[PDB]
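A.B. asks: The structure's right below; bear with me while I get my questions together.
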Amino acid sequence: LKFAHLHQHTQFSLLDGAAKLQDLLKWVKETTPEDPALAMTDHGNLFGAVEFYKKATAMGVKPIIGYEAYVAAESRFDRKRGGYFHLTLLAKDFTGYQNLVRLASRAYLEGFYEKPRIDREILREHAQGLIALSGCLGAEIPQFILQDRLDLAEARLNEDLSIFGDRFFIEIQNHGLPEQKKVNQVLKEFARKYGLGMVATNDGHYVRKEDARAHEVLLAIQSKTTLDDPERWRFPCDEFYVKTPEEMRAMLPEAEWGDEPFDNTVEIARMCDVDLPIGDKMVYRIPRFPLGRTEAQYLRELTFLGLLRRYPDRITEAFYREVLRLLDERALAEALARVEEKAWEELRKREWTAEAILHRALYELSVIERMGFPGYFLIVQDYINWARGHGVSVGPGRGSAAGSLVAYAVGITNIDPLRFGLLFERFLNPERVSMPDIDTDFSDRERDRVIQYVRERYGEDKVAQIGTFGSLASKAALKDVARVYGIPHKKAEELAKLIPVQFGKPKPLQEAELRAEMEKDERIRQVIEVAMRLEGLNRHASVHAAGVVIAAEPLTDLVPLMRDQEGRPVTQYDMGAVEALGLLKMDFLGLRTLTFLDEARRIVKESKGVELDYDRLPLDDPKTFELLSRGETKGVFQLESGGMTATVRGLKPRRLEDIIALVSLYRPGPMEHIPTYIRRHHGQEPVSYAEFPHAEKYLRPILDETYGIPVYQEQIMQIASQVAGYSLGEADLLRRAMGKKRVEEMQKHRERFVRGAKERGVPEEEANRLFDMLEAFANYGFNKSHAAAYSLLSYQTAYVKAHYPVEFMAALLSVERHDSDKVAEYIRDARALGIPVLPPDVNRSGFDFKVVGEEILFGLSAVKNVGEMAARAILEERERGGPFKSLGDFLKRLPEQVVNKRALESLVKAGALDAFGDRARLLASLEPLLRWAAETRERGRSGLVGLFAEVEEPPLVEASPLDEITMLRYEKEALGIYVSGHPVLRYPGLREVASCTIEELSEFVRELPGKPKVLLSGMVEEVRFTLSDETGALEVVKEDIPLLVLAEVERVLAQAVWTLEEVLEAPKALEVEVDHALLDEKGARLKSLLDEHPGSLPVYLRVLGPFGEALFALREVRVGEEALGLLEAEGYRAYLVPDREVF
Ligand SMILES: [Cl-]
Ligand SMILES: [Cl-]
Ligand SMILES: [Mg+2]
Ligand SMILES: [Mg+2]
Ligand SMILES: [Zn+2]
Ligand SMILES: [Zn+2]
């Protein structure tokens, strides 16, 4: 006797599934050795399939691919507020697999209501190659039976029979459920009546019986409730696990069920021969390109016609002509394209010269053609060179890609791969076949449009973004479980901080060494197990930012789909899984820095009429480096880090290759090689090669550009390529194989190394230690291809900040104008940078942030109630009739029809109409001026020329000025942020008692004790109230009332709060403000001046230190109030501040 499950859910039935793929697949194997099988039947997705099939296939288990599908009462198109039912589906042959992919695809695109649902209409369309099973208790035929509508169930059994035929079975499962008794007792009659045959299953959602609660909390996490709610999601019993053949016949006896429902499980799984193109198979689905030209010929053509642009001074019209005479401008490329590979190699045999370029070019192409990747390069180049002409910034490139010359010739890459040390052989190793990945950056604003270009260009059915499935984290796992177990949040987090952090993410709970915390509480015992019993599970399905696919055949025909909340065609198979099926995949990353370069250039073009042609700037521009050297990185890509900034200020880099090497070495590990870089760079330490005297004549060239440090991997490859006699290709393999650290496969390369090293120079003693030097540096060394690429951007950024520093800031502000916080911030940076930032101005403002003269001026768009039409409207009516002359002249040119009263209100509140006088006066005048305006046209449309038709706007109505607090209040209501001040500046008391500003909080606090308490004072902005200084914003746990807050910190949690008038009531103290320039003979100058008027007020000292500022609260002495009057009577600034103590 034996058995094999055909209904088993997995980690991939995301909401309710708790069976991890691995320990499930062994549990099935360890149960039955003989021809074991498992069907993967996830709830309405195919997420598992691939990554499952391949795990079981190399484990020793035959897999079967399946789908517990949601079938709608009626049409998948319905949206009824009947339901949706279950249905067990298995794919028997490969066509079946396709039709499964299709269904789950369609269930998502065409029929998504709550769950993704298929019609019986489409099921019938796609039945070819499928076996169905009557279904779990919630499926159709059983359900109807439960309802005493036998007459419908049999009718629906007939229907289903008309669809699959002798490939539909009656599903019999049993748990201790009375509903199952009645359903089967009839299902049993059916299978005998129509002549159907029964298959025994039992719907595993967990692996082994002990996974009961472990699972029954996974629910409590998907339901987000306590273990004791109730009403919390629960299953009906603890019986949904991968049972033994023996535990089965316990739910299905012998004299009641017979051998048929077992010997059918085995026999089905056998007839289910399904194979996924993978490994042994996997054909490259490189999509075709449209063009009397070879796929490869064109790419060749485009390259030539490219170099000529790329290298003006050294590849010419005349040059190509010379080549062809050894055998228009476009007309030469068209021809050089048609030289064959037997014909080419009759020239080489008869500093980067004109030839040198040809060779490398022709070589690259030779390796491209031979490999089968010319098409690829086209597809890629095409969409990129489109984005250029269509206002979509494209980054210089990323990763290995950069180093191919063809890549750079055809505008895929955009950095001269041979002016830097970039390598083709790192991007495409000639001596092993592997899909080269070409990732590309894009202006993030515009990225999707490129995807759309591809989408429309290659087919709406061939183009999708790739799926991503987050892992439950060991750290997080433990949290969520503890929520469930009725536990105080704190000790929860005291359990989280046990678990290590080995690299980026937390260590698995498998190895996790203060375990004695278990043996204390029996509550915690489970919590810890349960968390590791859940470790590997899944969250939900996000689109990958970068992932895109271009299939060659319709996607639906191999890879299933989804549409995400904002209508993206998404793949159900993950990154690897896709790439494992062998599909053309690519990253289309979004990149802020690019968008920022765009708005800068626009702002620059407007400011001073200068075309910023980023792909044509000198890379030796002094004033750029001198900035980075002064360490003014603030807005400059990549080197923005707290720490990294400091480094640069010491390195003082003079040429790009320094930014490149800085960037490359700055990360834990290599880091240390940085000081050396610096002392070598400042020119104070020789760069010596006495350790490999014979190898020097090979090293210097490679490592001199890097003050002697193997930083870049290419630098490594080259060393081997040159010293060992390695083909640059082979060289790569070396670096590759030293990465894999294959214990004893290394001593094979060692030999091949020395053996060649002799034949070139070094006498092995050097060789060995040199190889030692390689395996030493290679583990940390970097990809220059990538490094240099990005570096260029940092330069590009720095250059702007250096040469156009105002507009720079505007572009900053502009780009992130959608962050009330960042804007405030960017403002404050630019404010204390010599630049003023101005309110909008109906006269001077452009639409967006604008740079006028030397100031950053707002736009009208930024005004909160003003429509967008109305902003542009204002403008155009201000550019056909010139500059606005009065608020009258405004309201007659812009009727209420266009700018409503509300609009007007804010527009004044903003200060756009400041150009006219006092604000409060304006606001009240509006209404009676609109009564005037509207009346003017009534006169105007009644004949009457321009004197009888205008009683010209009587002067503005009158009212007392807007006091600051009330005035500032409006600005923000109107502009999201405050301009020209801040409430907290008006009543200083709160400043003077506060321990910090919001800015400094982070840096004052970290260094004190562990988890400190502190007092903070600013403005409130929430009903998790938000607190603001003139210096920042903090989440802390009504509107426009100032407070002082005593709160504990780690994000900051409040303990106590006081009202302004409670703070101006608590007794006062004296604070002398003192400069750092004080004498020995002053601290006892002050000391005596205080001694002479003692009392009961404490004394405080603000000592403005060179780097920071601290509050020395005197000592013994306590002054008696009268002191302030006699104290301001010397070069000392003073205040009667509230007394910091009390709080
Ligand atoms: Cl060295
Ligand atoms: Cl060294
Ligand atoms: Mg059905
Ligand atoms: Mg890629
Ligand atoms: Zn379920
Ligand atoms: Zn099920």
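Naming works like this for the structure tokens: A, B, ... for the chains as they're shown, residue 1 at the start of each chain, ligands 1 onward in shown order.
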Can you list, as a short mmCIF file (atom, residue, chain, number, x, y, z; two decimals) with N, CA and C atoms, in the first residue's frame, every protein, DNA or RNA residue that comes within 9 Å of residue 918 (chain A) when you count only C-alpha atoms, leaving out same-chain residues fewer than 4 positions away?
C.D. replies:
```
data_model
loop_
_atom_site.label_atom_id
_atom_site.label_comp_id
_atom_site.auth_asym_id
_atom_site.auth_seq_id
_atom_site.Cartn_x
_atom_site.Cartn_y
_atom_site.Cartn_z
N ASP A 914 1.76 90.53 -3.04
CA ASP A 914 2.49 91.44 -2.17
C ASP A 914 2.88 92.72 -2.87
N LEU A 922 -5.59 93.91 1.38
CA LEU A 922 -5.91 93.22 0.13
C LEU A 922 -7.09 92.25 0.31
N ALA A 959 -7.65 98.53 6.61
CA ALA A 959 -7.66 97.63 7.77
C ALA A 959 -6.27 97.50 8.41
N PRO A 961 -2.80 96.21 10.08
CA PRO A 961 -1.84 95.20 9.59
C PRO A 961 -1.94 93.80 10.21
N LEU A 962 -1.42 92.80 9.50
CA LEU A 962 -1.37 91.41 9.98
C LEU A 962 -0.16 91.18 10.87
#
```
A.B. asks: Fewer than 2 positions away in the same chain doesn't count, so skip those; otherwise give me all residues within 10 Å of residue 369 (chain A), counting only C-alpha atoms, as an NGL selection string.
C.D. replies: :A and (295-297 or 299-300 or 363-367 or 371-375)
A.B. asks: So, with only C-alpha atoms and all ligand atoms as the atoms that count, which of A:704, A:1128, A:1071, A:461 lies closest to ligand 2?
C.D. replies: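 Among the listed residues, the smallest separation from ligand 2 belongs to A:704.
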A.B. asks: Check which residues fall inside 9 Å of ligand 3 when counting only C-alpha atoms and all ligand atoms, and print them as a ChimeraX atom specification.
C.D. replies: /A:71-72,85-88,119-120,123,132-135,139-141,156-157,159-160,163
A.B. asks: Residues as selected, N, CA and C atoms, written as a JSON list (two decimals), in the first residue's frame, can you do that?
C.D. replies:
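selection38.json written:
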```
[["chain", "number", "residue", "atom", "x", "y", "z"],
["A", 71, "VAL", "N", -13.32, 29.91, -9.21],
["A", 71, "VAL", "CA", -14.26, 30.01, -10.32],
["A", 71, "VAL", "C", -15.47, 30.79, -9.86],
["A", 72, "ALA", "N", -15.86, 31.79, -10.64],
["A", 72, "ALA", "CA", -17.00, 32.63, -10.29],
["A", 72, "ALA", "C", -18.29, 31.94, -10.60],
["A", 85, "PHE", "N", -16.14, 30.11, -6.23],
["A", 85, "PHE", "CA", -16.01, 28.77, -5.66],
["A", 85, "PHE", "C", -14.57, 28.29, -5.88],
["A", 86, "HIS", "N", -14.22, 27.17, -5.25],
["A", 86, "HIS", "CA", -12.93, 26.53, -5.48],
["A", 86, "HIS", "C", -13.01, 25.48, -6.57],
["A", 87, "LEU", "N", -11.83, 25.11, -7.07],
["A", 87, "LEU", "CA", -11.70, 24.03, -8.05],
["A", 87, "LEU", "C", -10.26, 23.53, -8.25],
["A", 88, "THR", "N", -10.04, 22.26, -7.96],
["A", 88, "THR", "CA", -8.71, 21.69, -8.03],
["A", 88, "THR", "C", -8.36, 21.31, -9.47],
["A", 119, "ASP", "N", -13.73, 32.15, -15.30],
["A", 119, "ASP", "CA", -15.04, 31.74, -15.73],
["A", 119, "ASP", "C", -15.07, 30.26, -15.84],
["A", 120, "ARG", "N", -16.26, 29.69, -15.91],
["A", 120, "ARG", "CA", -16.33, 28.36, -16.46],
["A", 120, "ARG", "C", -16.26, 28.46, -17.97],
["A", 123, "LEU", "N", -12.59, 28.37, -18.66],
["A", 123, "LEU", "CA", -12.07, 27.06, -18.23],
["A", 123, "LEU", "C", -12.28, 26.09, -19.37],
["A", 132, "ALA", "N", -9.36, 17.81, -13.64],
["A", 132, "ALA", "CA", -9.99, 18.56, -12.56],
["A", 132, "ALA", "C", -10.38, 17.62, -11.44],
["A", 133, "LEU", "N", -10.68, 18.19, -10.28],
["A", 133, "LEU", "CA", -11.14, 17.43, -9.13],
["A", 133, "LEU", "C", -12.33, 18.12, -8.49],
["A", 134, "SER", "N", -13.42, 17.39, -8.26],
["A", 134, "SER", "CA", -14.70, 17.94, -7.76],
["A", 134, "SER", "C", -14.51, 19.12, -6.81],
["A", 135, "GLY", "N", -13.54, 19.00, -5.90],
["A", 135, "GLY", "CA", -13.09, 20.14, -5.13],
["A", 135, "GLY", "C", -13.31, 20.07, -3.64],
["A", 139, "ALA", "N", -15.85, 24.07, -2.88],
["A", 139, "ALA", "CA", -15.99, 24.01, -4.34],
["A", 139, "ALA", "C", -17.46, 23.92, -4.71],
["A", 140, "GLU", "N", -17.75, 23.76, -5.99],
["A", 140, "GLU", "CA", -19.13, 23.92, -6.45],
["A", 140, "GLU", "C", -20.03, 22.73, -6.12],
["A", 141, "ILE", "N", -19.66, 21.56, -6.64],
["A", 141, "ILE", "CA", -20.48, 20.35, -6.58],
["A", 141, "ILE", "C", -20.78, 19.94, -5.14],
["A", 156, "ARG", "N", -24.51, 20.79, -12.40],
["A", 156, "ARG", "CA", -23.19, 21.40, -12.52],
["A", 156, "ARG", "C", -22.11, 20.32, -12.69],
["A", 157, "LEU", "N", -22.41, 19.11, -12.25],
["A", 157, "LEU", "CA", -21.52, 18.00, -12.50],
["A", 157, "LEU", "C", -21.55, 17.66, -13.98],
["A", 159, "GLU", "N", -22.39, 19.74, -16.38],
["A", 159, "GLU", "CA", -21.74, 20.84, -17.04],
["A", 159, "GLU", "C", -20.24, 20.55, -17.04],
["A", 160, "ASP", "N", -19.65, 20.41, -15.85],
["A", 160, "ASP", "CA", -18.20, 20.21, -15.74],
["A", 160, "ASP", "C", -17.74, 19.02, -16.57],
["A", 163, "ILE", "N", -16.91, 19.53, -20.13],
["A", 163, "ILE", "CA", -15.73, 20.37, -20.34],
["A", 163, "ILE", "C", -14.42, 19.60, -20.40]]
```
A.B. asks: Would you list the residues that come within 9 Å of ligand 5? Count only C-alpha atoms and all ligand atoms and give the answer as a VMD selection string.
C.D. replies: chain A and resid 9 13 15 to 17 42 to 43 68 203 to 205
A.B. asks: Put those residues in a file: N, CA, C and O atoms, as an mmCIF file, in the first residue's frame.
C.D. replies:
```
data_model
loop_
_atom_site.group_PDB
_atom_site.id
_atom_site.type_symbol
_atom_site.label_atom_id
_atom_site.label_comp_id
_atom_site.auth_asym_id
_atom_site.auth_seq_id
_atom_site.Cartn_x
_atom_site.Cartn_y
_atom_site.Cartn_z
ATOM 1 N N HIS A 9 -1.179 22.810 -0.651
ATOM 2 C CA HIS A 9 -0.886 24.232 -0.799
ATOM 3 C C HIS A 9 0.500 24.484 -0.252
ATOM 4 O O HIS A 9 1.043 23.639 0.453
ATOM 5 N N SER A 13 0.667 30.062 -1.358
ATOM 6 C CA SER A 13 -0.737 30.398 -1.241
ATOM 7 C C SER A 13 -0.810 31.514 -0.195
ATOM 8 O O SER A 13 -1.524 31.420 0.803
ATOM 9 N N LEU A 15 -1.796 33.991 1.558
ATOM 10 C CA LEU A 15 -2.648 34.327 2.687
ATOM 11 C C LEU A 15 -2.709 33.214 3.722
ATOM 12 O O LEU A 15 -2.417 33.464 4.889
ATOM 13 N N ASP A 16 -3.062 31.997 3.304
ATOM 14 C CA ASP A 16 -3.270 30.901 4.265
ATOM 15 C C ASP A 16 -2.233 29.757 4.270
ATOM 16 O O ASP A 16 -2.242 28.914 5.172
ATOM 17 N N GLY A 17 -1.331 29.748 3.289
ATOM 18 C CA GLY A 17 -0.344 28.668 3.148
ATOM 19 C C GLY A 17 0.878 28.833 4.032
ATOM 20 O O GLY A 17 1.438 29.924 4.126
ATOM 21 N N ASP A 42 -1.506 25.772 -5.428
ATOM 22 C CA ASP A 42 -1.670 27.025 -4.680
ATOM 23 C C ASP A 42 -3.011 27.710 -4.949
ATOM 24 O O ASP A 42 -3.593 27.539 -6.030
ATOM 25 N N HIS A 43 -3.490 28.494 -3.978
ATOM 26 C CA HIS A 43 -4.748 29.254 -4.119
ATOM 27 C C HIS A 43 -4.641 30.340 -5.191
ATOM 28 O O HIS A 43 -4.204 31.466 -4.903
ATOM 29 N N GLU A 68 -5.532 25.525 -7.422
ATOM 30 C CA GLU A 68 -6.860 25.604 -6.784
ATOM 31 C C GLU A 68 -7.456 26.951 -7.164
ATOM 32 O O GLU A 68 -7.244 27.974 -6.486
ATOM 33 N N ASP A 203 -5.852 18.510 1.148
ATOM 34 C CA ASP A 203 -5.718 19.972 1.241
ATOM 35 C C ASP A 203 -4.669 20.510 2.219
ATOM 36 O O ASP A 203 -4.944 21.451 2.967
ATOM 37 N N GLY A 204 -3.471 19.931 2.206
ATOM 38 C CA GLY A 204 -2.415 20.377 3.104
ATOM 39 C C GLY A 204 -2.113 21.862 2.953
ATOM 40 O O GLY A 204 -1.841 22.336 1.845
ATOM 41 N N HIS A 205 -2.201 22.593 4.067
ATOM 42 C CA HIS A 205 -1.795 24.002 4.148
ATOM 43 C C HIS A 205 -0.585 24.151 5.044
ATOM 44 O O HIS A 205 0.068 25.191 5.010
#
```
A.B. asks: At what distance in Å, to one decimal, does CA of residue 572 (chain A) lie from CA of residue 448 (chain A)?
C.D. replies: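 Taking CA of residue 448 (chain A) and CA of residue 572 (chain A), their separation equals 19.6 Å.
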A.B. asks: Residues within 12 Å of ligand 4, counting only C-alpha atoms and all ligand atoms: report them as a PyMOL selection string.
C.D. replies: chain A and resi 380+397-401+435-441+466+544-550+575-576+578-579+583-589
A.B. asks: Suppose we keep N, CA and C atoms; can you now write the selection as a compact mmCIF listing (two decimals), in the first residue's frame?
C.D. replies:
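See again.txt below for the written result:
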```txt
# COMPACT_ATOMS: atom_id res chain seq x y z
N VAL A 380 18.13 46.72 -27.45
CA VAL A 380 18.54 47.54 -26.32
C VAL A 380 18.87 48.95 -26.78
N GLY A 397 25.31 54.56 -17.97
CA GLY A 397 25.15 53.10 -17.98
C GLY A 397 25.40 52.55 -16.60
N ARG A 398 25.26 51.24 -16.43
CA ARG A 398 25.64 50.61 -15.16
C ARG A 398 26.19 49.20 -15.28
N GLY A 399 27.06 48.86 -14.33
CA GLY A 399 27.67 47.55 -14.25
C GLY A 399 28.60 47.29 -15.41
N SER A 400 28.87 46.00 -15.65
CA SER A 400 29.83 45.56 -16.67
C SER A 400 29.61 46.19 -18.05
N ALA A 401 28.34 46.40 -18.41
CA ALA A 401 27.93 46.98 -19.69
C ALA A 401 28.84 48.09 -20.25
N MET A 435 24.12 34.91 -21.00
CA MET A 435 23.30 36.09 -21.25
C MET A 435 23.89 37.30 -20.53
N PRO A 436 24.38 38.29 -21.30
CA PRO A 436 24.92 39.50 -20.70
C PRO A 436 23.77 40.40 -20.29
N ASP A 437 23.81 40.91 -19.07
CA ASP A 437 22.74 41.78 -18.67
C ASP A 437 23.11 43.23 -18.93
N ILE A 438 22.24 43.94 -19.66
CA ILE A 438 22.41 45.37 -19.86
C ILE A 438 21.32 46.12 -19.12
N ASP A 439 21.71 46.66 -17.97
CA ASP A 439 20.82 47.48 -17.18
C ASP A 439 21.07 48.91 -17.61
N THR A 440 20.05 49.75 -17.48
CA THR A 440 20.19 51.15 -17.86
C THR A 440 19.45 52.03 -16.89
N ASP A 441 19.99 53.22 -16.65
CA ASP A 441 19.34 54.18 -15.79
C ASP A 441 18.43 55.08 -16.60
N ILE A 466 8.63 42.32 -14.08
CA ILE A 466 8.88 41.10 -13.31
C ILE A 466 8.32 41.19 -11.87
N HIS A 544 8.86 44.76 -9.37
CA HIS A 544 10.23 45.20 -9.16
C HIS A 544 10.33 46.57 -9.80
N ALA A 545 11.06 47.47 -9.13
CA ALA A 545 11.32 48.79 -9.68
C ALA A 545 11.89 48.65 -11.10
N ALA A 546 12.93 47.82 -11.24
CA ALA A 546 13.68 47.71 -12.48
C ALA A 546 13.21 46.63 -13.46
N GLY A 547 12.79 45.49 -12.93
CA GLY A 547 12.43 44.35 -13.76
C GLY A 547 11.52 44.65 -14.93
N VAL A 548 11.99 44.27 -16.12
CA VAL A 548 11.21 44.25 -17.35
C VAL A 548 11.54 43.00 -18.16
N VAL A 549 10.58 42.52 -18.93
CA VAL A 549 10.79 41.35 -19.78
C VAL A 549 10.36 41.69 -21.19
N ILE A 550 11.12 41.22 -22.17
CA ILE A 550 10.64 41.25 -23.53
C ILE A 550 10.70 39.84 -24.05
N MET A 575 12.37 37.23 -10.53
CA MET A 575 13.64 37.50 -11.23
C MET A 575 14.33 36.27 -11.84
N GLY A 576 14.90 35.45 -10.95
CA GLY A 576 15.62 34.24 -11.32
C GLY A 576 14.77 33.28 -12.11
N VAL A 578 12.20 33.73 -13.94
CA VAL A 578 12.10 34.22 -15.31
C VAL A 578 13.39 33.89 -16.01
N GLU A 579 14.49 34.48 -15.55
CA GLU A 579 15.78 34.25 -16.20
C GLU A 579 16.15 32.78 -16.38
N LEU A 583 14.63 34.10 -20.69
CA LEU A 583 13.94 35.17 -21.37
C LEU A 583 14.78 36.41 -21.33
N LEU A 584 14.59 37.28 -22.30
CA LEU A 584 15.34 38.52 -22.30
C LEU A 584 14.83 39.39 -21.14
N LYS A 585 15.73 39.69 -20.21
CA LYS A 585 15.39 40.47 -19.03
C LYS A 585 16.30 41.68 -18.96
N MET A 586 15.80 42.77 -18.37
CA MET A 586 16.54 44.03 -18.27
C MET A 586 16.06 44.89 -17.10
N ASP A 587 16.99 45.63 -16.51
CA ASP A 587 16.63 46.61 -15.49
C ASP A 587 16.41 47.99 -16.12
N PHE A 588 15.28 48.61 -15.82
CA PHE A 588 15.06 49.98 -16.21
C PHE A 588 14.91 50.70 -14.89
N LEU A 589 16.02 50.91 -14.18
CA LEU A 589 16.02 51.65 -12.91
C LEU A 589 15.53 53.09 -13.05
```
A.B. asks: Please identify the residues whose atoms come within 9 Å of ligand 2, using only C-alpha atoms and all ligand atoms, and report them as a VMD selection string.
C.D. replies: chain A and resid 673 676 687 to 689 707 to 710 773
A.B. asks: Just asking: which residues within region 963-1093 of chain A are alpha helix (DSSP H) according to DSSP, as an MDAnalysis selection string?
C.D. replies: chainID A and resid 964:975 989:993 998:1005 1060:1063 1085:1091
A.B. asks: Store the residues picked out above in a file with N, CA and C atoms, as a CSV table (one decimal), in the first residue's frame.
C.D. replies:
```csv
chain,number,residue,atom,x,y,z
A,964,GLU,N,2.6,89.3,12.9
A,964,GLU,CA,3.5,88.2,12.4
A,964,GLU,C,2.9,86.8,12.6
A,965,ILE,N,2.6,86.3,13.8
A,965,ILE,CA,2.0,85.0,14.0
A,965,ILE,C,0.8,84.7,13.0
A,966,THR,N,-0.1,85.7,13.0
A,966,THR,CA,-1.3,85.6,12.2
A,966,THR,C,-0.9,85.6,10.7
A,967,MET,N,0.2,86.3,10.4
A,967,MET,CA,0.6,86.5,9.0
A,967,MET,C,1.3,85.2,8.5
A,968,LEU,N,2.2,84.7,9.3
A,968,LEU,CA,2.9,83.5,9.0
A,968,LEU,C,2.0,82.3,8.9
A,969,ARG,N,1.0,82.3,9.8
A,969,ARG,CA,-0.1,81.2,9.7
A,969,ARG,C,-0.7,81.1,8.3
A,970,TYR,N,-1.0,82.2,7.7
A,970,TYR,CA,-1.5,82.2,6.4
A,970,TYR,C,-0.6,81.6,5.3
A,971,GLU,N,0.6,82.1,5.3
A,971,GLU,CA,1.7,81.7,4.4
A,971,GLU,C,1.7,80.2,4.2
A,972,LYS,N,1.7,79.5,5.3
A,972,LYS,CA,1.7,78.0,5.3
A,972,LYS,C,0.4,77.4,4.9
A,973,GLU,N,-0.7,77.9,5.3
A,973,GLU,CA,-2.0,77.5,4.9
A,973,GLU,C,-2.0,77.6,3.4
A,974,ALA,N,-1.2,78.5,2.9
A,974,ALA,CA,-1.2,78.9,1.5
A,974,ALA,C,-0.1,78.3,0.6
A,975,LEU,N,1.0,78.0,1.3
A,975,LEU,CA,2.2,77.5,0.6
A,975,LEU,C,2.8,76.2,1.2
A,989,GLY,N,11.4,82.9,24.5
A,989,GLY,CA,11.4,82.1,25.7
A,989,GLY,C,11.6,80.6,25.5
A,990,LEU,N,10.8,80.0,24.6
A,990,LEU,CA,10.8,78.6,24.3
A,990,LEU,C,12.2,78.1,23.8
A,991,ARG,N,12.8,78.8,22.9
A,991,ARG,CA,14.1,78.6,22.4
A,991,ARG,C,15.1,78.3,23.6
A,992,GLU,N,15.1,79.3,24.5
A,992,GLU,CA,16.1,79.5,25.5
A,992,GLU,C,16.1,78.4,26.6
A,993,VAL,N,15.0,77.7,26.7
A,993,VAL,CA,14.9,76.6,27.7
A,993,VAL,C,15.1,75.3,27.1
A,998,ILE,N,15.7,70.9,16.7
A,998,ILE,CA,15.3,69.6,16.0
A,998,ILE,C,16.5,69.2,15.2
A,999,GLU,N,17.2,70.1,14.6
A,999,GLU,CA,18.4,69.8,13.7
A,999,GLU,C,19.4,68.9,14.5
A,1000,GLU,N,19.9,69.5,15.6
A,1000,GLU,CA,21.0,68.9,16.4
A,1000,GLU,C,20.6,67.7,17.2
A,1001,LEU,N,19.3,67.5,17.4
A,1001,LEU,CA,18.8,66.4,18.3
A,1001,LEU,C,19.5,65.1,18.1
A,1002,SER,N,19.6,64.6,16.9
A,1002,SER,CA,20.3,63.4,16.6
A,1002,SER,C,21.7,63.4,17.1
A,1003,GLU,N,22.4,64.5,16.9
A,1003,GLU,CA,23.9,64.5,17.2
A,1003,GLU,C,24.2,64.9,18.7
A,1004,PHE,N,23.4,65.7,19.3
A,1004,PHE,CA,23.5,66.0,20.7
A,1004,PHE,C,23.3,64.7,21.5
A,1005,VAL,N,22.2,64.0,21.1
A,1005,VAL,CA,21.7,62.8,21.9
A,1005,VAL,C,22.4,61.5,21.8
A,1060,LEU,N,2.7,77.5,26.6
A,1060,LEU,CA,3.5,78.7,26.5
A,1060,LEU,C,3.3,79.5,27.8
A,1061,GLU,N,2.1,79.8,28.2
A,1061,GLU,CA,1.8,80.7,29.3
A,1061,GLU,C,2.1,80.0,30.6
A,1062,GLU,N,2.2,78.6,30.6
A,1062,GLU,CA,2.7,77.9,31.8
A,1062,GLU,C,4.2,78.0,31.9
A,1063,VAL,N,4.9,78.2,30.7
A,1063,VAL,CA,6.3,78.3,30.7
A,1063,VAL,C,6.7,79.8,31.0
A,1085,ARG,N,36.2,88.1,35.9
A,1085,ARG,CA,35.4,89.4,35.6
A,1085,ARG,C,34.0,89.1,35.8
A,1086,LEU,N,33.4,88.2,35.0
A,1086,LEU,CA,32.0,87.9,35.2
A,1086,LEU,C,31.8,87.4,36.6
A,1087,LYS,N,32.6,86.4,37.0
A,1087,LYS,CA,32.5,85.8,38.3
A,1087,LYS,C,32.3,86.7,39.5
A,1088,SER,N,33.0,87.9,39.4
A,1088,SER,CA,32.8,88.9,40.5
A,1088,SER,C,31.5,89.7,40.3
A,1089,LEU,N,31.2,90.0,39.0
A,1089,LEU,CA,30.0,90.8,38.7
A,1089,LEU,C,28.7,90.1,39.2
A,1090,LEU,N,28.8,88.8,39.2
A,1090,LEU,CA,27.7,88.0,39.7
A,1090,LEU,C,27.7,87.9,41.2
A,1091,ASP,N,28.9,87.7,41.8
A,1091,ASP,CA,29.2,87.6,43.2
A,1091,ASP,C,28.6,88.8,43.9
```
